[PDB]
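1. Got a sequence here, can you build the structure:
(chains A and B, ligands or ions: 2)
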Amino acid sequence: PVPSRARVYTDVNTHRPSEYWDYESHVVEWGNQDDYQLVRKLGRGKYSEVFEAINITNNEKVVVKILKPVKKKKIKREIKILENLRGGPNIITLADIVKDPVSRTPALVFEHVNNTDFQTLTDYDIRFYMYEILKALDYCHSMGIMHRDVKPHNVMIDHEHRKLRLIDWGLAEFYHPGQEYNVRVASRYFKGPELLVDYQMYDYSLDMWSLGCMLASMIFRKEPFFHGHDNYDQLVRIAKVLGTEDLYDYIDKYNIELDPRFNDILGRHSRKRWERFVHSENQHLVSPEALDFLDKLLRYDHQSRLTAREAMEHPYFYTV
Amino acid sequence: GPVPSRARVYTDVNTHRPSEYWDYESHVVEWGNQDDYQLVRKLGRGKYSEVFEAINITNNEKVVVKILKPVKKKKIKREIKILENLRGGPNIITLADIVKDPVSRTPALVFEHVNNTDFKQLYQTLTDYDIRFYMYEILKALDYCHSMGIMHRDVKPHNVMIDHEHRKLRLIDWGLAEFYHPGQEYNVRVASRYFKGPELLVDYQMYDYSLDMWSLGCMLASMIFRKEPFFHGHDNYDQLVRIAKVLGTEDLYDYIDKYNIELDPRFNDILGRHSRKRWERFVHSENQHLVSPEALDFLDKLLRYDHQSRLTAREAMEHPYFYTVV
Ligand SMILES: CCc1ccccc1-c1ccc(CNCCc2nc3cc(OC)ccc3[nH]2)cc1Cl
Ligand SMILES: CCc1ccccc1-c1ccc(CNCCc2nc3cc(OC)ccc3[nH]2)cc1Cl
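-> Numbers count the residues shown, from 1 in each chain, chains lettered A, B, ... in the order given. Ligands and ions are numbered 1, 2, ... in the order given. Dropping the coordinates below:
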């Protein structure tokens, strides 16, 4: 395959000392979890359990994410990235790194977030929160980090305080030009074309594809927008909207070899117009600006997608 | 008999934990294969250990291998359990592996590598800021291990490794460490002569984390005054006389009376009568650049006969002497 690199923040890690991006060499100081009393379980992840807790030293609520130590290297990676991004705009704030004295199970302690469930959402609300996610993305990309798991589940919102946080940095990675990354990242519905066609030299632009999937689901009230039933089928769902002509132009541009599992399922599909997804229940959220912005996000060619900084200057945000 | 005493902080941390945490005799040690490590050079030798720099042949990383002379099996289980409990704590030496050589079957502990700077030459280059910085780093380790219900019981310069280039500090050699249980009567034959707290010297067995705070105080005094060691006893009885020559014999009697301690008759002919000295007395041309009212106030609050009056590690971290450190 043809090599590729990010159009923005290409060498931000290259120009930084190894201590910034060498997470394997990072020394983790595990404090005592006795300073936190667990209150209740909030939810479960594939390798984590999140709890609401109280910091007994200052009577403040916190969130404790207890990690199943399946891969030690991955825990070091998440901790290093969270430490590097700590305090960045709309990034979940790592407050402490602790282990229970008896269990010795790794646990991450974060700032509390009064997560609203979610209906009454306005056109302005979508622009507002989309801009808030872009602030987090332009910040983490500028810090040489790809989130690689952008989806609604990883965005916490406190609608009362108009506060948004990008969470779960467990799949995040440092961007190095020319690096070949594992494509088994992100959640099925939000996997970029690059992951599905097994193109390993991807970049921050993957997060922009995921953001586009979120936008399409909201404005069209179709969740998920690209509803694959497996990783191969996911690419077919994309092809049913974007067309198969541009998919071949993409794979040809990067000299990608298509897995033979696509042979019997891909078929032939026309490129659809975004206006076709507009209906009576969603028309109050759709506008020419929204469709133009969406069109500039959902592109097979990762290099042609808007960057988070370019996306922030789009007319769709002129009102925020 | 003597008046009972308990720690002012972290009193019941082990009492409220399941026996698995502190019953080291029942702990099952999994001894791995030492073939993954090649010994490079000897770093130093302890009374019952030899510490080597080694290379982990599976990942080409340097490690530290402590080969223990298995004189007391229970003590090895204790050290292993404590190191396992504290594994990953701030400024605590990190146990990486537990191994036995296939032929020798000698117990060996494998730790994270530490680039130990020789301070015998950099003792002269240290600044007031450096002493406050490294003292704060030791207090992080102590407040952490105490919070984990562990007393180190051998706090001294030899058991503190510093990589000055990276401003990295590690509290090592947990061979004498013990689990704190309120009301437990401990062996007083712990720590190293110069660093022994008065509780040990007067054979008061019901001591606690505060013992480590006296030892830290001896280290602070030897550094800021450039007097190594600060309390230079020639035997364990004489060590108390050297402390009394500074702290005075009036406060020593107030201490033993408070806990109804019986003073060993071996003290009769050597203790004498001594005035309480002012800390400013130890200031001289060679060390004045390391001394300040804050430093002497902090030292005065560590070096107290009464173990209960000494600052805890958490109280010590909030002292004005540390206002200048992160
Ligand atoms: C209105 C903004 C918006 C624009 C476009 C597309 C979607 C959305 C959106 C819609 C809903 C949500 C809320 N997602 C909830 C996130 C969440 N995981 C959690 C995990 C937990 O424990 C594991 C607990 C609470 C959690 N809470 C976030 C977002 Cl960003
Ligand atoms: C400025 C730091 C400081 C502030 C206040 C009082 C003392 C000190 C201090 C001064 C020097 C040192 C360094 N000690 C190194 C100890 C050490 N064990 C070793 C064991 C070895 O084999 C078993 C080999 C080398 C070793 N090397 C530590 C400390 Cl904590």
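2. tell me the contacts of residue A:268?
-> residue A:244 (CB atoms under 8 Å, 6 or more residues apart in numbering or on different chains). To be clear about C-beta, it is placed using only N, CA and C from the backbone, and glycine gets the same treatment.
3. Figure out the helix or strand that it lives in.
-> Residue A:268 is part of no helix or strand, with elements assigned from DSSP states H and E.
4. Give me the distance between it and ligand 1.
-> As judged by CB to the nearest ligand atom, to the nearest Å, residue A:268 and ligand 1 stand 31 Å apart.
5. ok, and what's touching stretch A:145-152?
-> By CB under 8 Å, 6+ apart, stretch A:145-152 touches A:81, A:84-85, A:133, A:137, A:140, A:154, A:166, A:168-175, A:185-187, A:189-190, A:202-204, A:206-207, A:210-211, A:213-214, A:217, A:223.
6. Can you mark which positions in that stretch are buried?
-> Using 16 or more other CB atoms under 10 Å in any protein chain shown as the test for burial, stretch A:145-152 gives A:145, A:146, A:147, A:148, A:149, A:150, A:151, A:152.
7. among the residues you listed, which are within reach of ligand 1?
-> By CB under 6 Å from any ligand atom, the members of the buried residues of stretch A:145-152 lying near ligand 1 are residue A:152.
8. Can you flag which of the buried residues of stretch A:145-152 belong to strands?
-> A:145, A:146 (DSSP state E).
9. What is the nearest of the buried residues of stretch A:145-152 to residue A:257?
-> residue A:148 (22.9 Å; CB to CB).
10. Kindly list the main-chain dihedrals of residue A:205?
-> As for residue A:205, its main-chain torsions (degrees, to the nearest 10) stand at phi -50, psi -20.
11. re earlier: export the buried residues of stretch A:145-152 to TSV and append columns for distance to ligand 2.
-> What follows is the buried residues of stretch A:145-152, written out as TSV (distance: CB to the nearest ligand atom, whole Å):
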residue	distance to ligand 2
A:145	36
A:146	41
A:147	42
A:148	43
A:149	44
A:150	47
A:151	49
A:152	51
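12. Could you dump the buried residues of stretch A:145-152 into CSV with distance to residue A:26 added?
-> Below are the buried residues of stretch A:145-152 laid out as CSV (distance: CB to CB, whole Å):
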residue, distance to residue A:26
A:145, 14
A:146, 18
A:147, 19
A:148, 19
A:149, 21
A:150, 24
A:151, 27
A:152, 30
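13. what comes into contact with the longest helix belonging to chain A?
-> When chain A is parsed with DSSP state H, its longest helix is helix A:123-142. For helix A:123-142, contacts defined as CB under 8 Å, 6+ apart pick out A:8-9, A:12, A:85, A:88-91, A:146-147, A:150, A:155, A:157, A:162, A:164-166, A:172, A:175, A:204, A:207-208, A:211, A:214-215, A:218-219, A:284-285, A:287, A:290, A:307-309, A:311-312, A:316-317, A:319-320.
14. Just the buried residues from those, in ChimeraX please.
-> The following ChimeraX line selects those of the contacts of helix A:123-142 that are buried, judged by 16+ other CB under 10 Å:
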select /A:9,12,85,88,89,90,91,146,147,150,155,157,164,165,166,172,175,204,207,208,211,214,215,218,219,285,287,290,307,308,311,312,316,317
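15. about what we covered before: what are the buried residues along the longest helix of chain A?
-> Under 16+ other CB under 10 Å, the buried positions of helix A:123-142 are A:123, A:126-141.
16. On the three-state scheme, the most far-flung residue of chain A relative to its centre is what?
-> Distance from the C-alpha centroid of chain A peaks at residue A:102, with 34.1 Å (CA atoms, centre = their mean). Here residue A:102 is recorded as coil under DSSP: H, G, I helix; E, B strand; the rest coil.
17. tell me what the helix or strand containing residue A:232 is packed against?
-> Using DSSP H and E, the element containing residue A:232 is helix A:231-242. Here helix A:231-242 touches helix A:193-196, helix A:244-253, going by 3 or more CB pairs under 8 Å, 6 or more residues apart in numbering or on different chains; DSSP states H and E.
18. With mean neighbour count and distance to chain B added, can I get these in a markdown table?
-> Shown next, in a markdown table, are those (neighbours: other CB atoms under 10 Å in any protein chain shown; distance: least, CB to the nearest CB, whole Å):
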| stretch | mean neighbour count | distance to chain B |
| --- | --- | --- |
| helix A:193-196 | 24 | 30 |
| helix A:244-253 | 16 | 38 |
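19. ok, back up a step: near ligand 2 too, which of the contacts of stretch A:145-152?
-> Within the contacts of stretch A:145-152, nothing lies near ligand 2 by CB under 6 Å from any ligand atom.
20. The residues you listed in helices, which ones?
-> Per DSSP H, the contacts of stretch A:145-152 map to helices at A:81, A:84-85, A:133, A:137, A:140, A:206-207, A:210-211, A:213-214, A:217.
21. Those residues: which two are farthest apart?
-> A:84 and A:217 (29.9 Å).
22. Return the member of the ones in helices among the contacts of stretch A:145-152 nearest to chain B.
-> Among these, residue A:84 lies closest to chain B (CB to the nearest CB), at 17.6 Å.
23. Give me the nearest residue to that closest one, chain neighbours excluded.
-> Once flanking residues are discounted, residue A:84 sits nearest to residue A:143: 5.9 Å by CB to CB, 6 or more residues apart in numbering or on different chains.
24. Which single residue of the stretch 101-250 of chain A approaches ligand 2 most closely?
-> residue A:101 (25.7 Å; CB to the nearest ligand atom).
25. for the residue in the stretch 51-200 of chain A that chain B sits nearest to, what are its contacts?
-> Using CB to the nearest CB, the single residue of the stretch 51-200 of chain A nearest to chain B is residue A:102, 5.1 Å away. By CB under 8 Å, 6+ apart, residue A:102 lies in contact with B:17, B:18, B:20, B:21.
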